[PDB]
file query-v6.cif (mmCIF, C-alpha atoms and all ligand atoms)
data_final
loop_
_atom_site.label_atom_id
_atom_site.label_comp_id
_atom_site.auth_asym_id
_atom_site.auth_seq_id
_atom_site.Cartn_x
_atom_site.Cartn_y
_atom_site.Cartn_z
CA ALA D 1 -2.38 -16.61 -26.66
CA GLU D 2 1.14 -18.08 -26.78
CA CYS D 3 3.92 -15.82 -25.49
CA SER D 4 2.08 -12.56 -25.85
CA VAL D 5 -0.68 -10.72 -24.02
CA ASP D 6 -3.28 -8.29 -25.45
CA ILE D 7 -3.28 -5.61 -22.68
CA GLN D 8 -5.42 -2.42 -22.74
CA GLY D 9 -5.34 1.06 -21.11
CA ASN D 10 -8.52 3.20 -21.28
CA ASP D 11 -9.74 6.71 -20.52
CA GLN D 12 -10.51 5.76 -16.92
CA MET D 13 -6.88 5.02 -16.01
CA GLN D 14 -7.67 1.29 -16.20
CA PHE D 15 -5.27 -1.40 -17.51
CA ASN D 16 -7.49 -4.36 -18.62
CA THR D 17 -5.90 -6.79 -16.15
CA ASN D 18 -3.60 -6.83 -13.12
CA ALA D 19 -2.41 -10.27 -14.12
CA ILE D 20 0.31 -11.25 -16.55
CA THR D 21 1.57 -14.82 -16.39
CA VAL D 22 4.77 -15.50 -18.40
CA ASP D 23 5.26 -19.24 -19.13
CA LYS D 24 8.74 -20.79 -18.88
CA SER D 25 8.12 -22.28 -22.37
CA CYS D 26 9.60 -18.94 -23.51
CA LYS D 27 12.72 -16.97 -24.41
CA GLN D 28 10.83 -13.91 -25.77
CA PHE D 29 7.56 -12.40 -24.48
CA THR D 30 5.62 -9.66 -26.36
CA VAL D 31 3.22 -7.03 -24.91
CA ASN D 32 0.51 -5.75 -27.23
CA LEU D 33 -0.20 -2.31 -25.82
CA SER D 34 -3.48 -0.82 -26.96
CA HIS D 35 -5.62 2.15 -25.92
CA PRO D 36 -9.35 2.35 -26.67
CA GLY D 37 -10.71 5.83 -25.82
CA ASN D 38 -10.62 9.23 -27.59
CA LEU D 39 -8.03 10.97 -25.43
CA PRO D 40 -4.62 12.19 -26.65
CA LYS D 41 -1.18 11.40 -25.22
CA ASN D 42 -0.86 14.55 -23.09
CA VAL D 43 -4.20 13.74 -21.40
CA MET D 44 -4.86 10.02 -21.03
CA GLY D 45 -1.54 8.75 -22.26
CA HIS D 46 -0.43 5.26 -21.45
CA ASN D 47 2.73 3.20 -21.34
CA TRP D 48 4.02 -0.09 -19.96
CA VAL D 49 7.23 -0.52 -17.99
CA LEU D 50 8.48 -3.64 -16.17
CA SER D 51 10.69 -3.94 -13.08
CA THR D 52 11.06 -5.13 -9.51
CA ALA D 53 8.28 -3.75 -7.26
CA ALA D 54 11.24 -2.66 -5.14
CA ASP D 55 12.41 -0.36 -7.90
CA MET D 56 8.92 0.54 -9.26
CA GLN D 57 8.74 3.93 -7.54
CA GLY D 58 12.28 4.65 -8.81
CA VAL D 59 11.02 4.35 -12.40
CA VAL D 60 7.85 6.34 -11.56
CA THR D 61 9.66 9.29 -9.93
CA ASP D 62 12.38 9.41 -12.60
CA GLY D 63 9.87 8.77 -15.38
CA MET D 64 7.89 11.73 -14.05
CA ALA D 65 10.73 14.31 -14.07
CA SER D 66 11.56 13.40 -17.69
CA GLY D 67 8.57 14.80 -19.56
CA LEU D 68 6.38 13.49 -22.38
CA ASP D 69 9.35 14.15 -24.59
CA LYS D 70 11.15 11.29 -22.82
CA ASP D 71 8.10 9.01 -22.60
CA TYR D 72 7.85 9.65 -18.90
CA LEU D 73 10.94 7.41 -18.61
CA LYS D 74 14.51 8.33 -17.73
CA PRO D 75 16.94 7.80 -20.59
CA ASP D 76 18.64 4.43 -20.08
CA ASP D 77 17.00 3.03 -16.98
CA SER D 78 18.76 -0.02 -15.57
CA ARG D 79 15.56 -0.81 -13.61
CA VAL D 80 13.54 -0.88 -16.87
CA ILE D 81 13.58 -4.46 -18.21
CA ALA D 82 10.99 -4.11 -20.96
CA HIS D 83 9.08 -0.80 -21.61
CA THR D 84 6.83 0.46 -24.44
CA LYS D 85 6.72 4.09 -25.66
CA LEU D 86 3.79 6.40 -24.66
CA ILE D 87 0.70 6.09 -26.86
CA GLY D 88 -2.62 7.97 -27.26
CA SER D 89 -6.03 6.44 -28.06
CA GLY D 90 -6.57 4.40 -31.21
CA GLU D 91 -2.75 4.17 -31.34
CA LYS D 92 -0.74 0.99 -30.66
CA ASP D 93 2.69 -0.29 -29.53
CA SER D 94 4.60 -3.50 -28.77
CA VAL D 95 7.65 -4.52 -26.77
CA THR D 96 9.54 -7.76 -26.65
CA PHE D 97 11.96 -8.82 -23.92
CA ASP D 98 13.93 -11.92 -23.04
CA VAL D 99 12.14 -14.28 -20.68
CA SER D 100 15.61 -15.15 -19.36
CA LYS D 101 15.74 -11.55 -18.00
CA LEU D 102 13.25 -12.47 -15.29
CA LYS D 103 14.75 -14.33 -12.32
CA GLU D 104 12.74 -17.00 -10.45
CA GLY D 105 10.45 -15.71 -7.73
CA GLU D 106 11.15 -11.98 -7.79
CA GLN D 107 8.56 -9.20 -7.60
CA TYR D 108 7.60 -8.17 -11.00
CA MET D 109 5.35 -5.29 -11.65
CA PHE D 110 3.99 -3.45 -14.72
CA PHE D 111 2.60 0.12 -14.89
CA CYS D 112 2.02 3.36 -16.76
CA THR D 113 4.54 6.16 -15.89
CA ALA D 114 2.40 9.25 -16.82
CA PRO D 115 2.04 11.52 -13.78
CA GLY D 116 -0.47 10.13 -11.30
CA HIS D 117 -1.43 7.15 -13.45
CA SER D 118 0.88 4.86 -11.49
CA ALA D 119 -1.52 4.34 -8.62
CA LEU D 120 -4.16 2.12 -10.25
CA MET D 121 -2.29 1.37 -13.50
CA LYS D 122 -0.23 -1.37 -11.96
CA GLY D 123 0.09 -5.14 -12.10
CA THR D 124 1.97 -8.27 -11.11
CA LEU D 125 4.01 -10.21 -13.62
CA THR D 126 4.33 -13.84 -12.58
CA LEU D 127 6.99 -16.09 -14.03
CA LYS D 128 5.15 -19.39 -14.35
CA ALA X 1 -27.99 26.22 -5.32
CA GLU X 2 -27.69 29.99 -4.84
CA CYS X 3 -24.12 31.34 -4.64
CA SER X 4 -23.41 27.84 -5.11
CA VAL X 5 -21.89 24.79 -6.74
CA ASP X 6 -21.40 21.40 -5.07
CA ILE X 7 -18.78 19.91 -7.60
CA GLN X 8 -17.93 16.19 -7.73
CA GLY X 9 -14.46 14.67 -7.86
CA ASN X 10 -14.91 10.97 -8.77
CA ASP X 11 -12.34 8.18 -9.23
CA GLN X 12 -11.64 8.27 -12.99
CA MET X 13 -10.28 11.84 -13.10
CA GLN X 14 -13.70 13.40 -13.82
CA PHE X 15 -14.83 16.53 -11.96
CA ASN X 16 -18.65 16.47 -12.57
CA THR X 17 -18.40 19.68 -14.60
CA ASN X 18 -16.48 21.77 -16.94
CA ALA X 19 -18.36 25.16 -15.92
CA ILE X 20 -19.34 27.04 -12.77
CA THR X 21 -21.18 30.40 -12.81
CA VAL X 22 -20.81 33.06 -10.11
CA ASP X 23 -23.60 35.65 -10.25
CA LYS X 24 -22.53 39.28 -9.83
CA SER X 25 -25.24 39.46 -7.13
CA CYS X 26 -22.69 38.13 -4.60
CA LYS X 27 -19.93 39.46 -2.45
CA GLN X 28 -18.96 35.88 -1.69
CA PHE X 29 -19.12 32.43 -3.31
CA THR X 30 -18.84 28.92 -1.80
CA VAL X 31 -17.76 25.64 -3.40
CA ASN X 32 -18.66 22.15 -2.29
CA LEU X 33 -16.06 19.51 -3.10
CA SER X 34 -17.52 16.02 -2.62
CA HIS X 35 -15.57 12.83 -3.47
CA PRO X 36 -17.53 9.82 -4.72
CA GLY X 37 -14.98 6.93 -4.82
CA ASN X 38 -13.24 4.31 -2.67
CA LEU X 39 -9.76 5.67 -3.50
CA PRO X 40 -7.52 7.36 -0.94
CA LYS X 41 -5.96 10.85 -1.00
CA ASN X 42 -2.45 9.73 -2.12
CA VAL X 43 -4.03 7.60 -4.85
CA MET X 44 -6.64 9.84 -6.56
CA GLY X 45 -6.81 13.09 -4.56
CA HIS X 46 -8.87 16.09 -5.60
CA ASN X 47 -8.75 19.82 -4.95
CA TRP X 48 -10.33 22.90 -6.41
CA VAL X 49 -7.90 25.67 -7.40
CA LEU X 50 -9.04 28.96 -8.97
CA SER X 51 -6.96 31.34 -11.06
CA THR X 52 -6.79 33.20 -14.37
CA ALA X 53 -6.26 30.80 -17.34
CA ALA X 54 -2.91 32.61 -17.58
CA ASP X 55 -1.43 31.35 -14.32
CA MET X 56 -2.97 27.81 -14.43
CA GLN X 57 0.22 26.41 -15.86
CA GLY X 58 2.39 27.96 -13.18
CA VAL X 59 -0.06 26.70 -10.53
CA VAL X 60 -0.56 23.11 -11.74
CA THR X 61 3.23 23.12 -11.98
CA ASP X 62 4.50 24.61 -8.72
CA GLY X 63 1.65 22.76 -7.04
CA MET X 64 2.73 19.37 -8.34
CA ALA X 65 6.29 20.04 -7.19
CA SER X 66 5.01 20.60 -3.63
CA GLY X 67 3.66 17.32 -2.22
CA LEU X 68 0.57 15.68 -0.73
CA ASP X 69 1.64 17.15 2.63
CA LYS X 70 1.01 20.55 1.00
CA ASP X 71 -2.15 19.65 -1.04
CA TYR X 72 -0.06 20.11 -4.17
CA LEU X 73 -0.13 23.91 -3.82
CA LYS X 74 2.73 26.31 -3.28
CA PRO X 75 2.58 28.00 0.13
CA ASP X 76 0.99 31.43 -0.16
CA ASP X 77 0.39 31.08 -3.92
CA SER X 78 -0.56 34.59 -5.00
CA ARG X 79 -1.89 33.25 -8.28
CA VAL X 80 -4.44 31.21 -6.35
CA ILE X 81 -7.62 33.25 -5.83
CA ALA X 82 -9.14 30.46 -3.74
CA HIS X 83 -8.57 26.76 -3.11
CA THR X 84 -10.05 23.84 -1.16
CA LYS X 85 -7.84 21.16 0.48
CA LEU X 86 -6.91 17.78 -1.05
CA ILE X 87 -9.53 15.18 -0.34
CA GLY X 88 -9.20 11.40 0.05
CA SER X 89 -11.90 8.75 -0.45
CA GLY X 90 -15.28 10.18 0.42
CA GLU X 91 -13.76 13.16 2.30
CA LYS X 92 -15.22 16.66 1.88
CA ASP X 93 -14.05 20.26 2.03
CA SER X 94 -15.26 23.66 0.89
CA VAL X 95 -14.00 27.11 -0.03
CA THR X 96 -15.83 30.39 0.44
CA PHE X 97 -14.39 33.47 -1.40
CA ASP X 98 -15.00 37.13 -2.24
CA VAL X 99 -16.63 37.37 -5.69
CA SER X 100 -15.33 40.97 -5.73
CA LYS X 101 -11.90 39.39 -6.46
CA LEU X 102 -13.21 38.64 -9.92
CA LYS X 103 -13.09 41.11 -12.82
CA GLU X 104 -15.42 40.34 -15.77
CA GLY X 105 -14.09 39.45 -19.21
CA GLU X 106 -11.05 37.74 -17.65
CA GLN X 107 -10.59 34.00 -18.34
CA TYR X 108 -10.91 32.22 -14.99
CA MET X 109 -10.13 28.53 -14.68
CA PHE X 110 -10.77 25.93 -11.99
CA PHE X 111 -8.93 22.58 -11.55
CA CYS X 112 -7.12 19.88 -9.53
CA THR X 113 -3.30 20.05 -9.06
CA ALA X 114 -2.58 16.36 -8.26
CA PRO X 115 0.16 14.97 -10.55
CA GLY X 116 -1.32 14.76 -14.02
CA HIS X 117 -4.88 15.48 -13.05
CA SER X 118 -5.57 18.89 -14.53
CA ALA X 119 -5.33 17.03 -17.88
CA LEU X 120 -9.03 16.26 -17.49
CA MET X 121 -9.63 18.14 -14.22
CA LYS X 122 -10.11 21.74 -15.30
CA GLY X 123 -12.97 24.00 -16.41
CA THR X 124 -14.67 27.39 -16.59
CA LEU X 125 -15.67 30.04 -14.07
CA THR X 126 -17.91 32.70 -15.63
CA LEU X 127 -18.58 35.88 -13.66
CA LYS X 128 -22.13 36.43 -14.96
CU CU J 1 -1.70 5.84 -18.18
CU CU J 2 -8.08 15.79 -9.20
#
call {"tool": "encode", "arguments": {"input": "query-v6.cif", "output": "structure tokens"}}
result
Amino acid sequence: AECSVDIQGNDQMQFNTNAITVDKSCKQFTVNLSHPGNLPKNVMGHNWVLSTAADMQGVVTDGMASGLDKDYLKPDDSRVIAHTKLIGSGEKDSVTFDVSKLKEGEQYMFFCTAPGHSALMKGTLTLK
Amino acid sequence: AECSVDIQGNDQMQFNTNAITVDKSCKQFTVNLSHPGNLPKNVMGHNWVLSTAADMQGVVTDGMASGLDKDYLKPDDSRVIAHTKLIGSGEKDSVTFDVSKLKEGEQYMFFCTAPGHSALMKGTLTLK
């Protein structure tokens, strides 16, 4: 609906969509992170980070060397715009960020940071 | 088959099984690693590593820290009783090993070492 998305993350390492379209009719955009499945955090754990595709891998790498204890995300990451916290199945989590934080025509991509989940748990965030 | 498992590494981190048996009536065993799935090595690579349940941790670990140009295994890993290579989309590779390396009543474990894969990609080797 209006200024929020209902995004999923399953047991298959599948986000529900690779497409997030953020209208300019906004100042705040919310991400409704959900996880159907029956797998715990330490197994099929998901998250949601935002950043320039340029920096993506920076997040990923750093995220990786920071453990589950740091939500597979370096403490205070200047590349991380928005970001949720890791979540297991039947769990939930939201994040809000300022639409003004996203500069016109730049590469925006979303993705889980849990080791080797990056790959196919990715997306493009388009500022409409 | 006899001696013999063909295991399956698909795309959604699911090795076909969770248990492999190695009858005592063998000096040597042989494992068939297929790879159903359109996804490249670097993306969703698979292997087959064998060790006590005791070293697993150390092996998933050191492995991870070693890179796709080292099939996420640590050169000459003494903990590793036998391993295949890391296979891309549809690729194939086998391992053949001396069953006499195995001591009954020990907990043996098989698994992939690709970053956050052993989560789901692990199982049981039973010297029957
Ligand atoms: Cu994930
Ligand atoms: Cu694997």
call {"tool": "calpha_fit_and_write", "arguments": {"input": "query-v6.cif", "fixed": "chain X", "moving": "chain D", "output": "PDB file with C-alpha atoms, in the coordinates of the input"}}
result
ATOM      1  CA  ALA D   1     -28.479  26.697  -5.651  1.00  0.00           C
ATOM      2  CA  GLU D   2     -27.805  30.306  -4.608  1.00  0.00           C
ATOM      3  CA  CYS D   3     -24.137  31.309  -4.402  1.00  0.00           C
ATOM      4  CA  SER D   4     -22.719  27.841  -4.082  1.00  0.00           C
ATOM      5  CA  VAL D   5     -22.095  24.882  -6.363  1.00  0.00           C
ATOM      6  CA  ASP D   6     -22.100  21.149  -5.481  1.00  0.00           C
ATOM      7  CA  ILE D   7     -19.040  19.981  -7.513  1.00  0.00           C
ATOM      8  CA  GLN D   8     -17.726  16.372  -7.585  1.00  0.00           C
ATOM      9  CA  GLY D   9     -14.415  14.592  -8.389  1.00  0.00           C
ATOM     10  CA  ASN D  10     -14.497  10.793  -8.920  1.00  0.00           C
ATOM     11  CA  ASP D  11     -12.159   7.841  -9.367  1.00  0.00           C
ATOM     12  CA  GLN D  12     -12.007   8.414 -13.123  1.00  0.00           C
ATOM     13  CA  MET D  13     -10.343  11.836 -12.848  1.00  0.00           C
ATOM     14  CA  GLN D  14     -13.704  13.454 -13.660  1.00  0.00           C
ATOM     15  CA  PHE D  15     -14.987  16.735 -12.144  1.00  0.00           C
ATOM     16  CA  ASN D  16     -18.835  16.621 -12.456  1.00  0.00           C
ATOM     17  CA  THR D  17     -18.989  19.741 -14.643  1.00  0.00           C
ATOM     18  CA  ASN D  18     -16.725  22.054 -16.641  1.00  0.00           C
ATOM     19  CA  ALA D  19     -19.112  24.901 -15.971  1.00  0.00           C
ATOM     20  CA  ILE D  20     -19.308  27.209 -12.987  1.00  0.00           C
ATOM     21  CA  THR D  21     -21.342  30.381 -13.383  1.00  0.00           C
ATOM     22  CA  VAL D  22     -20.904  32.949 -10.563  1.00  0.00           C
ATOM     23  CA  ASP D  23     -23.793  35.478 -10.439  1.00  0.00           C
ATOM     24  CA  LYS D  24     -23.069  39.166  -9.765  1.00  0.00           C
ATOM     25  CA  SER D  25     -25.795  39.010  -7.057  1.00  0.00           C
ATOM     26  CA  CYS D  26     -22.848  37.946  -4.860  1.00  0.00           C
ATOM     27  CA  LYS D  27     -20.010  39.027  -2.579  1.00  0.00           C
ATOM     28  CA  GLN D  28     -19.130  35.476  -1.395  1.00  0.00           C
ATOM     29  CA  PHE D  29     -19.223  32.231  -3.420  1.00  0.00           C
ATOM     30  CA  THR D  30     -18.802  28.749  -1.837  1.00  0.00           C
ATOM     31  CA  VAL D  31     -17.516  25.528  -3.493  1.00  0.00           C
ATOM     32  CA  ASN D  32     -18.785  22.260  -2.051  1.00  0.00           C
ATOM     33  CA  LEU D  33     -15.999  19.854  -2.933  1.00  0.00           C
ATOM     34  CA  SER D  34     -16.983  16.211  -2.732  1.00  0.00           C
ATOM     35  CA  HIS D  35     -15.444  12.918  -3.857  1.00  0.00           C
ATOM     36  CA  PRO D  36     -17.520   9.772  -4.416  1.00  0.00           C
ATOM     37  CA  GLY D  37     -15.246   6.744  -5.000  1.00  0.00           C
ATOM     38  CA  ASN D  38     -13.210   4.458  -2.692  1.00  0.00           C
ATOM     39  CA  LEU D  39      -9.732   5.773  -3.450  1.00  0.00           C
ATOM     40  CA  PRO D  40      -7.434   7.482  -0.919  1.00  0.00           C
ATOM     41  CA  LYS D  41      -5.723  10.873  -1.198  1.00  0.00           C
ATOM     42  CA  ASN D  42      -2.361   9.563  -2.441  1.00  0.00           C
ATOM     43  CA  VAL D  43      -4.137   7.737  -5.301  1.00  0.00           C
ATOM     44  CA  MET D  44      -7.222   9.542  -6.581  1.00  0.00           C
ATOM     45  CA  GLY D  45      -6.896  12.691  -4.549  1.00  0.00           C
ATOM     46  CA  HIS D  46      -8.715  15.805  -5.579  1.00  0.00           C
ATOM     47  CA  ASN D  47      -8.603  19.530  -4.984  1.00  0.00           C
ATOM     48  CA  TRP D  48      -9.968  22.758  -6.437  1.00  0.00           C
ATOM     49  CA  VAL D  49      -7.907  25.840  -7.222  1.00  0.00           C
ATOM     50  CA  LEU D  50      -9.004  29.006  -9.061  1.00  0.00           C
ATOM     51  CA  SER D  51      -6.967  31.418 -11.195  1.00  0.00           C
ATOM     52  CA  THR D  52      -6.412  33.018 -14.576  1.00  0.00           C
ATOM     53  CA  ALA D  53      -6.003  30.391 -17.338  1.00  0.00           C
ATOM     54  CA  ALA D  54      -2.846  32.382 -18.057  1.00  0.00           C
ATOM     55  CA  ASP D  55      -1.445  31.440 -14.676  1.00  0.00           C
ATOM     56  CA  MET D  56      -3.073  27.955 -14.458  1.00  0.00           C
ATOM     57  CA  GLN D  57       0.063  26.043 -15.452  1.00  0.00           C
ATOM     58  CA  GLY D  58       2.026  28.148 -12.926  1.00  0.00           C
ATOM     59  CA  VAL D  59      -0.154  26.757 -10.119  1.00  0.00           C
ATOM     60  CA  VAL D  60       0.015  23.224 -11.604  1.00  0.00           C
ATOM     61  CA  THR D  61       3.826  23.111 -11.912  1.00  0.00           C
ATOM     62  CA  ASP D  62       4.393  24.711  -8.497  1.00  0.00           C
ATOM     63  CA  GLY D  63       1.584  22.688  -6.931  1.00  0.00           C
ATOM     64  CA  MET D  64       3.302  19.572  -8.270  1.00  0.00           C
ATOM     65  CA  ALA D  65       6.779  20.212  -6.778  1.00  0.00           C
ATOM     66  CA  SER D  66       5.217  20.810  -3.339  1.00  0.00           C
ATOM     67  CA  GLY D  67       4.055  17.327  -2.384  1.00  0.00           C
ATOM     68  CA  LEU D  68       0.883  15.952  -0.799  1.00  0.00           C
ATOM     69  CA  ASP D  69       2.162  17.495   2.382  1.00  0.00           C
ATOM     70  CA  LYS D  70       1.536  20.923   0.829  1.00  0.00           C
ATOM     71  CA  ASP D  71      -1.748  19.971  -0.862  1.00  0.00           C
ATOM     72  CA  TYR D  72      -0.060  20.001  -4.225  1.00  0.00           C
ATOM     73  CA  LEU D  73      -0.060  23.810  -3.855  1.00  0.00           C
ATOM     74  CA  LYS D  74       2.842  26.173  -3.256  1.00  0.00           C
ATOM     75  CA  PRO D  75       2.687  27.911   0.109  1.00  0.00           C
ATOM     76  CA  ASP D  76       1.164  31.362  -0.418  1.00  0.00           C
ATOM     77  CA  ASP D  77       0.332  31.449  -4.101  1.00  0.00           C
ATOM     78  CA  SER D  78      -0.591  34.901  -5.373  1.00  0.00           C
ATOM     79  CA  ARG D  79      -2.181  33.217  -8.429  1.00  0.00           C
ATOM     80  CA  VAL D  80      -4.465  31.150  -6.144  1.00  0.00           C
ATOM     81  CA  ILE D  81      -7.686  33.131  -5.584  1.00  0.00           C
ATOM     82  CA  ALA D  82      -9.763  30.450  -3.884  1.00  0.00           C
ATOM     83  CA  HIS D  83      -8.446  26.849  -3.312  1.00  0.00           C
ATOM     84  CA  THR D  84      -9.671  23.867  -1.246  1.00  0.00           C
ATOM     85  CA  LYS D  85      -7.365  21.378   0.532  1.00  0.00           C
ATOM     86  CA  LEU D  86      -6.766  17.863  -0.955  1.00  0.00           C
ATOM     87  CA  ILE D  87      -9.418  15.285  -0.059  1.00  0.00           C
ATOM     88  CA  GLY D  88      -9.857  11.497  -0.477  1.00  0.00           C
ATOM     89  CA  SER D  89     -13.117   9.642  -1.211  1.00  0.00           C
ATOM     90  CA  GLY D  90     -16.103   9.939   1.107  1.00  0.00           C
ATOM     91  CA  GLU D  91     -14.318  13.027   2.500  1.00  0.00           C
ATOM     92  CA  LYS D  92     -15.471  16.631   1.960  1.00  0.00           C
ATOM     93  CA  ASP D  93     -14.250  20.262   1.859  1.00  0.00           C
ATOM     94  CA  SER D  94     -15.450  23.820   1.205  1.00  0.00           C
ATOM     95  CA  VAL D  95     -13.916  27.141   0.224  1.00  0.00           C
ATOM     96  CA  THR D  96     -15.379  30.596   0.146  1.00  0.00           C
ATOM     97  CA  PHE D  97     -13.946  33.573  -1.731  1.00  0.00           C
ATOM     98  CA  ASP D  98     -14.987  37.131  -2.454  1.00  0.00           C
ATOM     99  CA  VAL D  99     -16.904  37.561  -5.692  1.00  0.00           C
ATOM    100  CA  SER D 100     -15.277  41.006  -5.874  1.00  0.00           C
ATOM    101  CA  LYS D 101     -11.944  39.147  -6.390  1.00  0.00           C
ATOM    102  CA  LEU D 102     -12.993  38.218  -9.915  1.00  0.00           C
ATOM    103  CA  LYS D 103     -12.575  41.004 -12.483  1.00  0.00           C
ATOM    104  CA  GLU D 104     -15.023  41.371 -15.406  1.00  0.00           C
ATOM    105  CA  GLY D 105     -14.257  39.258 -18.448  1.00  0.00           C
ATOM    106  CA  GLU D 106     -11.033  37.529 -17.437  1.00  0.00           C
ATOM    107  CA  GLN D 107     -10.182  33.860 -17.973  1.00  0.00           C
ATOM    108  CA  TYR D 108     -11.110  31.926 -14.983  1.00  0.00           C
ATOM    109  CA  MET D 109     -10.304  28.322 -14.610  1.00  0.00           C
ATOM    110  CA  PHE D 110     -10.700  25.640 -11.906  1.00  0.00           C
ATOM    111  CA  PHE D 111      -8.737  22.365 -11.546  1.00  0.00           C
ATOM    112  CA  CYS D 112      -7.212  19.639  -9.407  1.00  0.00           C
ATOM    113  CA  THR D 113      -3.415  20.043  -8.801  1.00  0.00           C
ATOM    114  CA  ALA D 114      -2.490  16.350  -8.093  1.00  0.00           C
ATOM    115  CA  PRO D 115       0.161  15.196 -10.576  1.00  0.00           C
ATOM    116  CA  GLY D 116      -1.343  14.498 -13.987  1.00  0.00           C
ATOM    117  CA  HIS D 117      -4.917  15.204 -12.913  1.00  0.00           C
ATOM    118  CA  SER D 118      -4.767  18.714 -14.356  1.00  0.00           C
ATOM    119  CA  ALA D 119      -5.402  17.638 -17.920  1.00  0.00           C
ATOM    120  CA  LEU D 120      -9.087  16.663 -17.758  1.00  0.00           C
ATOM    121  CA  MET D 121      -9.846  18.035 -14.270  1.00  0.00           C
ATOM    122  CA  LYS D 122     -10.325  21.553 -15.499  1.00  0.00           C
ATOM    123  CA  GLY D 123     -13.116  24.067 -15.982  1.00  0.00           C
ATOM    124  CA  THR D 124     -14.187  27.591 -16.843  1.00  0.00           C
ATOM    125  CA  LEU D 125     -15.510  29.939 -14.204  1.00  0.00           C
ATOM    126  CA  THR D 126     -17.770  32.562 -15.744  1.00  0.00           C
ATOM    127  CA  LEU D 127     -18.626  35.756 -13.925  1.00  0.00           C
ATOM    128  CA  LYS D 128     -22.254  36.275 -14.898  1.00  0.00           C
TER     129      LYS D 128
END
call {"tool": "closest_residue", "arguments": {"input": "query-v6.cif", "among": "X:56, X:29, X:42, X:13", "to": "ligand CU 1 (chain J)", "atoms": "all atoms listed in the file"}}
result
X:13
call {"tool": "atom_distance", "arguments": {"input": "query-v6.cif", "atom1": "atom CA of residue X:47", "atom2": "atom CA of residue D:61"}}
result
21.8 Å
call {"tool": "closest_atom_pairs", "arguments": {"input": "query-v6.cif", "of": "chain D", "to": "chain X", "cutoff": "7 Å", "atoms": "all atoms listed in the file", "output": "tab-separated table"}}
result
residue	atom	partner	partner_atom	distance
D:12	CA	X:12	CA	4.8
D:13	CA	X:12	CA	6.5
D:43	CA	X:119	CA	4.9
D:115	CA	X:116	CA	4.7
D:116	CA	X:115	CA	4.9
D:119	CA	X:43	CA	5.6
call {"tool": "atom_distance", "arguments": {"input": "query-v6.cif", "atom1": "atom CA of residue D:85", "atom2": "atom CA of residue D:51"}}
result
15.4 Å
call {"tool": "residues_around", "arguments": {"input": "query-v6.cif", "residues": "stretch 68-73 of chain D", "least_positions_apart": "5", "cutoff": "7 Å", "atoms": "only C-alpha atoms", "output": "count of residues only"}}
result
7
call {"tool": "atom_distance", "arguments": {"input": "query-v6.cif", "atom1": "atom CA of residue X:24", "atom2": "atom CA of residue X:112"}}
result
24.8 Å
call {"tool": "closest_residue", "arguments": {"input": "query-v6.cif", "among": "D:99, D:127, D:7, D:1", "to": "residue D:32", "atoms": "all atoms listed in the file"}}
result
D:7
call {"tool": "axis_aligned_box", "arguments": {"input": "query-v6.cif", "around": "stretch 90-95 of chain D", "padding_each_side": "6 Å", "output": "AutoDock Vina command-line options"}}
result
--center_x 0.5 --center_y -0.1 --center_z -29.1 --size_x 26.2 --size_y 20.9 --size_z 16.6
call {"tool": "closest_residue", "arguments": {"input": "query-v6.cif", "among": "X:27, X:128, X:121, X:9", "to": "residue X:88", "atoms": "all atoms listed in the file"}}
result
X:9
call {"tool": "residues_near_point", "arguments": {"input": "query-v6.cif", "point": "(14.2, -9.0, -13.8)", "cutoff": "12 Å", "atoms": "only C-alpha atoms", "output": "PDB file with C-alpha atoms, in the coordinates of the input"}}
result
ATOM      1  CA  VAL D  49       7.230  -0.520 -17.990  1.00  0.00           C
ATOM      2  CA  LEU D  50       8.480  -3.640 -16.170  1.00  0.00           C
ATOM      3  CA  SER D  51      10.690  -3.940 -13.080  1.00  0.00           C
ATOM      4  CA  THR D  52      11.060  -5.130  -9.510  1.00  0.00           C
ATOM      5  CA  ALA D  53       8.280  -3.750  -7.260  1.00  0.00           C
ATOM      6  CA  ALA D  54      11.240  -2.660  -5.140  1.00  0.00           C
ATOM      7  CA  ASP D  55      12.410  -0.360  -7.900  1.00  0.00           C
ATOM      8  CA  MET D  56       8.920   0.540  -9.260  1.00  0.00           C
ATOM      9  CA  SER D  78      18.760  -0.020 -15.570  1.00  0.00           C
ATOM     10  CA  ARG D  79      15.560  -0.810 -13.610  1.00  0.00           C
ATOM     11  CA  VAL D  80      13.540  -0.880 -16.870  1.00  0.00           C
ATOM     12  CA  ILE D  81      13.580  -4.460 -18.210  1.00  0.00           C
ATOM     13  CA  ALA D  82      10.990  -4.110 -20.960  1.00  0.00           C
ATOM     14  CA  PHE D  97      11.960  -8.820 -23.920  1.00  0.00           C
ATOM     15  CA  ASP D  98      13.930 -11.920 -23.040  1.00  0.00           C
ATOM     16  CA  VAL D  99      12.140 -14.280 -20.680  1.00  0.00           C
ATOM     17  CA  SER D 100      15.610 -15.150 -19.360  1.00  0.00           C
ATOM     18  CA  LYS D 101      15.740 -11.550 -18.000  1.00  0.00           C
ATOM     19  CA  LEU D 102      13.250 -12.470 -15.290  1.00  0.00           C
ATOM     20  CA  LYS D 103      14.750 -14.330 -12.320  1.00  0.00           C
ATOM     21  CA  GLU D 104      12.740 -17.000 -10.450  1.00  0.00           C
ATOM     22  CA  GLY D 105      10.450 -15.710  -7.730  1.00  0.00           C
ATOM     23  CA  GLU D 106      11.150 -11.980  -7.790  1.00  0.00           C
ATOM     24  CA  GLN D 107       8.560  -9.200  -7.600  1.00  0.00           C
ATOM     25  CA  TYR D 108       7.600  -8.170 -11.000  1.00  0.00           C
ATOM     26  CA  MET D 109       5.350  -5.290 -11.650  1.00  0.00           C
ATOM     27  CA  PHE D 110       3.990  -3.450 -14.720  1.00  0.00           C
ATOM     28  CA  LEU D 125       4.010 -10.210 -13.620  1.00  0.00           C
ATOM     29  CA  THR D 126       4.330 -13.840 -12.580  1.00  0.00           C
ATOM     30  CA  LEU D 127       6.990 -16.090 -14.030  1.00  0.00           C
TER      31      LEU D 127
END
